[PDB]
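Student: Got a structure here, written out as structure tokens. Questions coming.
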Amino acid sequence: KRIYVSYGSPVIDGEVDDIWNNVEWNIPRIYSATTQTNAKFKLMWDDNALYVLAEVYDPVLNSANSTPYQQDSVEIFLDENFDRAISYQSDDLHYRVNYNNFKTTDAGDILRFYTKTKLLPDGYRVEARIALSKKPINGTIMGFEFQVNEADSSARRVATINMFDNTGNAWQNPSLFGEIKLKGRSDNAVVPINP
Ligand SMILES: OC[C@H]1O[C@@H](O[C@@H]2[C@H](O)[C@@H](O)[C@H](O[C@H]3[C@H](O)[C@@H](O)[C@H](O)O[C@@H]3CO)O[C@@H]2CO)[C@H](O)[C@@H](O)[C@@H]1O
Ligand SMILES: [Ca+2]
Ligand SMILES: [Ca+2]
Ligand SMILES: [Ca+2]
């Protein structure tokens, strides 16, 4: 399916900007197994970047396993050109950040990825920025996926939550991503002061 992404430019600090309250939560509902972990995320875009705000409810946080996706973490996938290829092209991105703000890339330049996390009672928040290589405009469509990895006290992933892919293959197959469509940038972006 498709998420419509509003235009805006948040501050990366792990805190919920005022402007994020003007955008809607996406609730990923594709669970690998039953768990009391759940998550939500908001998206926003500006001329230079896509922004993700994710909150995860997860009573046990673990990142003792040295394999990244075996820690409590979120993963963001982007098919920037909207090629929808079946394997990863040089513009396809797959990033991961754990609840301590440790970042990994499975695909794409990690210098494009900038994140903050915050520990919450019973969970964590991730606020992320991905620098875009193509100037986005109203109507731009990209492929996108969001995933949560749940780990437990044994230091292993026990479940995943996905927005769009129910097959376990987004890490190999961009055609499995959903779509985001960018809207809402005023054309006349010329703004006199007015105190
Ligand atoms: O027969 C089942 C076998 O599964 C193997 O595992 C792999 C592989 O080792 C991992 O690299 C891969 O990891 C990806 C996550 O599944 C995915 O959700 C995320 O987007 O991307 C991760 C980064 O690659 O996971 C699969 C497990 O599903 C086992 O290692 C074998 O022993 C098993 O037989
Ligand atoms: Ca913020
Ligand atoms: Ca692509
Ligand atoms: Ca956990």
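Here's how to read the names in the structure tokens: chain A, B, ... by the order shown, residue numbers from 1 in each chain, ligand numbers from 1 in the order shown.
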Could you list, as a list in words, every residue within 10 Å of residue 111 in chain A, counting only C-alpha atoms and ignoring same-chain residues fewer than 5 positions away?

Tutor: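 Answer for this query is residues 105, 130 and 131 of chain A.
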
Student: Residues within 8 Å of ligand 1 should be enumerated using only C-alpha atoms and all ligand atoms and returned as an NGL selection string.

Tutor: :A and (68-69 or 75 or 94 or 106 or 147 or 149 or 160 or 168-171)

Student: Dump C-alpha atoms for the selected residues as a PDB file, in the first residue's frame?

Tutor:
ATOM      1  CA  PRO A  68      22.832  -6.203  14.748  1.00  0.00           C
ATOM      2  CA  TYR A  69      19.376  -7.511  13.819  1.00  0.00           C
ATOM      3  CA  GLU A  75      15.242  -0.867  10.210  1.00  0.00           C
ATOM      4  CA  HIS A  94      18.729  -0.513   4.220  1.00  0.00           C
ATOM      5  CA  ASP A 106      23.066  -3.397   5.107  1.00  0.00           C
ATOM      6  CA  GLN A 147      10.679  -3.032  10.499  1.00  0.00           C
ATOM      7  CA  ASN A 149      13.387  -6.255  15.632  1.00  0.00           C
ATOM      8  CA  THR A 160       9.738  -8.794  13.891  1.00  0.00           C
ATOM      9  CA  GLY A 168      10.753 -11.775   5.382  1.00  0.00           C
ATOM     10  CA  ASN A 169      12.445 -10.732   2.150  1.00  0.00           C
ATOM     11  CA  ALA A 170      12.635  -6.901   2.103  1.00  0.00           C
ATOM     12  CA  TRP A 171      16.311  -7.229   2.974  1.00  0.00           C
TER      13      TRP A 171
END

Student: Taking the backbone alone, and naming residues the way the document does, which bits of range 88-183 of chain A are helix (DSSP H, G or I) by DSSP, as a compact mmCIF listing (two decimals) with N, CA and C atoms, in the first residue's frame?

Tutor:
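In the end it all went to result.txt:
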# COMPACT_ATOMS: atom_id res chain seq x y z
N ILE A 110 26.36 5.02 4.90
CA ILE A 110 25.81 5.25 6.22
C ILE A 110 25.99 6.73 6.59
N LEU A 111 26.83 7.46 5.84
CA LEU A 111 27.04 8.89 6.05
C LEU A 111 25.76 9.66 5.77
N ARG A 112 24.80 9.05 5.06
CA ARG A 112 23.53 9.69 4.77
C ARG A 112 22.56 9.58 5.95
N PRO A 174 13.78 -5.26 -3.09
CA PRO A 174 13.09 -3.97 -3.03
C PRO A 174 11.66 -3.94 -3.57
N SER A 175 11.31 -4.89 -4.43
CA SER A 175 9.96 -4.91 -4.97
C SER A 175 8.96 -5.26 -3.88
N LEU A 176 9.44 -5.57 -2.68
CA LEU A 176 8.52 -5.95 -1.62
C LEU A 176 8.17 -4.74 -0.77

Student: Residues of range 79-157 of chain A classed as strand (DSSP E or B) by DSSP on the backbone are to be reported as a PyMOL selection string.

Tutor: chain A and resi 79+92-98+103-107+113-120+123-131+141-151+157

Student: Can I get the selected residues back with C-alpha atoms, as a PDB file, in the first residue's frame?

Tutor:
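Contents of the output file part.pdb:
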ATOM      1  CA  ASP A  79      14.041   2.570  -2.930  1.00  0.00           C
ATOM      2  CA  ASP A  92      18.542   1.145  -2.600  1.00  0.00           C
ATOM      3  CA  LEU A  93      19.067   1.742   1.162  1.00  0.00           C
ATOM      4  CA  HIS A  94      18.729  -0.513   4.220  1.00  0.00           C
ATOM      5  CA  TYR A  95      19.662   1.039   7.560  1.00  0.00           C
ATOM      6  CA  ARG A  96      19.277  -0.126  11.164  1.00  0.00           C
ATOM      7  CA  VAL A  97      19.608   1.646  14.538  1.00  0.00           C
ATOM      8  CA  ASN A  98      19.300   0.059  18.018  1.00  0.00           C
ATOM      9  CA  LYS A 103      23.710   2.381  13.543  1.00  0.00           C
ATOM     10  CA  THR A 104      24.427  -0.253  10.875  1.00  0.00           C
ATOM     11  CA  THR A 105      23.991  -0.282   7.116  1.00  0.00           C
ATOM     12  CA  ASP A 106      23.066  -3.397   5.107  1.00  0.00           C
ATOM     13  CA  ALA A 107      22.985  -1.289   1.905  1.00  0.00           C
ATOM     14  CA  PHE A 113      21.955   8.372   8.026  1.00  0.00           C
ATOM     15  CA  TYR A 114      21.712  10.523  11.172  1.00  0.00           C
ATOM     16  CA  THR A 115      19.811   9.336  14.265  1.00  0.00           C
ATOM     17  CA  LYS A 116      19.018  10.030  17.928  1.00  0.00           C
ATOM     18  CA  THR A 117      17.261   7.697  20.358  1.00  0.00           C
ATOM     19  CA  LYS A 118      15.687   8.226  23.754  1.00  0.00           C
ATOM     20  CA  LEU A 119      14.877   5.614  26.424  1.00  0.00           C
ATOM     21  CA  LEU A 120      11.227   5.840  27.506  1.00  0.00           C
ATOM     22  CA  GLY A 123      10.336   1.446  25.360  1.00  0.00           C
ATOM     23  CA  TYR A 124      12.335   3.793  23.181  1.00  0.00           C
ATOM     24  CA  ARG A 125      12.051   6.432  20.458  1.00  0.00           C
ATOM     25  CA  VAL A 126      14.149   6.708  17.287  1.00  0.00           C
ATOM     26  CA  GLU A 127      14.287   9.953  15.310  1.00  0.00           C
ATOM     27  CA  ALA A 128      16.138   9.551  12.008  1.00  0.00           C
ATOM     28  CA  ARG A 129      17.147  11.542   8.955  1.00  0.00           C
ATOM     29  CA  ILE A 130      18.096  10.064   5.573  1.00  0.00           C
ATOM     30  CA  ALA A 131      19.801  12.520   3.167  1.00  0.00           C
ATOM     31  CA  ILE A 141       7.079   8.282  -5.150  1.00  0.00           C
ATOM     32  CA  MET A 142       9.626   6.118  -3.410  1.00  0.00           C
ATOM     33  CA  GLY A 143       9.521   2.567  -2.162  1.00  0.00           C
ATOM     34  CA  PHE A 144       9.823   2.287   1.616  1.00  0.00           C
ATOM     35  CA  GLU A 145       9.697  -0.285   4.419  1.00  0.00           C
ATOM     36  CA  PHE A 146       9.839  -0.062   8.217  1.00  0.00           C
ATOM     37  CA  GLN A 147      10.679  -3.032  10.499  1.00  0.00           C
ATOM     38  CA  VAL A 148      11.107  -3.498  14.259  1.00  0.00           C
ATOM     39  CA  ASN A 149      13.387  -6.255  15.632  1.00  0.00           C
ATOM     40  CA  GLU A 150      12.359  -7.525  19.076  1.00  0.00           C
ATOM     41  CA  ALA A 151      15.051  -9.266  21.142  1.00  0.00           C
ATOM     42  CA  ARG A 157      15.653 -11.703  18.157  1.00  0.00           C
TER      43      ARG A 157
END

Student: Which residues sit within 6 Å of ligand 4, counting only C-alpha atoms and all ligand atoms, listed as an MDAnalysis selection string?

Tutor: chainID A and resid 58 60:62 72 150:152

Student: With only C-alpha atoms and all ligand atoms as the atoms that count, which of A:59, A:108, A:28, A:139 lies nearest to ligand 3?

Tutor: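 Using only C-alpha atoms and all ligand atoms, ligand 3 sits closest to A:108.
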
Student: So which residues are near ligand 3, meaning at most 8 Å away with only C-alpha atoms and all ligand atoms counted, given back as a PyMOL selection string?

Tutor: chain A and resi 78-85+88-92+143+174

Student: Please produce a file of the residues just selected, as a PDB file, in the first residue's frame, where the atoms kept are C-alpha atoms.

Tutor:
ATOM      1  CA  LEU A  78      14.316   3.065   0.851  1.00  0.00           C
ATOM      2  CA  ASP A  79      14.041   2.570  -2.930  1.00  0.00           C
ATOM      3  CA  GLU A  80      14.812   6.128  -3.827  1.00  0.00           C
ATOM      4  CA  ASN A  81      14.387   5.943  -7.629  1.00  0.00           C
ATOM      5  CA  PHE A  82      11.327   3.710  -7.306  1.00  0.00           C
ATOM      6  CA  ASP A  83      12.909   1.105  -9.645  1.00  0.00           C
ATOM      7  CA  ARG A  84      11.072  -1.689  -7.764  1.00  0.00           C
ATOM      8  CA  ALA A  85      13.863  -4.089  -8.815  1.00  0.00           C
ATOM      9  CA  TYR A  88      19.238  -4.207  -4.570  1.00  0.00           C
ATOM     10  CA  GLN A  89      20.338  -1.456  -7.005  1.00  0.00           C
ATOM     11  CA  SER A  90      22.998   1.124  -6.183  1.00  0.00           C
ATOM     12  CA  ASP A  91      20.277   3.617  -5.051  1.00  0.00           C
ATOM     13  CA  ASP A  92      18.542   1.145  -2.600  1.00  0.00           C
ATOM     14  CA  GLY A 143       9.521   2.567  -2.162  1.00  0.00           C
ATOM     15  CA  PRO A 174      13.089  -3.967  -3.032  1.00  0.00           C
TER      16      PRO A 174
END

Student: So how far away is CA of residue 134 in chain A from CA of residue 178 in chain A, in Å?

Tutor: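 Interatomic distance here is 19.2 Å.
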
Student: Neighbouring residues of ligand 2 are defined here as those with any atom at most 10 Å from a ligand atom, counting only C-alpha atoms and all ligand atoms; list them as a list in words.

Tutor: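 Taking only C-alpha atoms and all ligand atoms into account, the residues around ligand 2 at most 10 Å away are residues 9, 10, 11, 12, 13, 14, 15, 16, 17, 18, 19, 20, 51, 53, 116, 117, 126, 127 and 128 of chain A.
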
Student: Give the answer as one residue: which of A:64, A:39, A:27, A:49 has the shortest atom-to-atom distance to residue 156 in chain A, using only C-alpha atoms?

Tutor: A:64

Student: Between A:163, A:133, A:158, A:70, which one has atoms that come closest to residue 41 in chain A, using only C-alpha atoms?

Tutor: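 Ranked by minimum distance to residue 41 in chain A, first place goes to A:163.
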
Student: Between A:167, A:26, A:47, A:122, which is the closest to residue 135 in chain A once you count only C-alpha atoms?

Tutor: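 When distances to residue 135 in chain A are compared using only C-alpha atoms, the smallest one comes from A:47.
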
Student: Excluding residue 46 in chain A and residues on its chain fewer than 2 positions from it, collect all residues at most 9 Å away from it, counting only C-alpha atoms, and give them as a list in words.

Tutor: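 Within the cut-off, the hits are residues 6, 7, 8, 9, 44, 48, 49, 50, 51, 136, 137 and 185 of chain A.
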
Student: Please measure the separation of CA of residue 30 in chain A and CA of residue 173 in chain A, giving the value in Å to one decimal.

Tutor: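 Separation between CA of residue 30 in chain A and CA of residue 173 in chain A: 17.3 Å.
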
Student: Quick one, how far is CA of residue 155 in chain A from CA of residue 56 in chain A?

Tutor: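 Between these atoms lies a distance of 17.8 Å.
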
Student: Might you pull out every residue within 9 Å of residue 2 in chain A, with only C-alpha atoms counted and same-chain residues fewer than 6 positions away left off, and present them as a count of residues only?

Tutor: 4

Student: Using only C-alpha atoms, find the one residue out of A:66, A:71, A:87, A:35 that sits nearest to residue 153 in chain A.

Tutor: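 Looking at the shortest contact to residue 153 in chain A, the residue is A:71.
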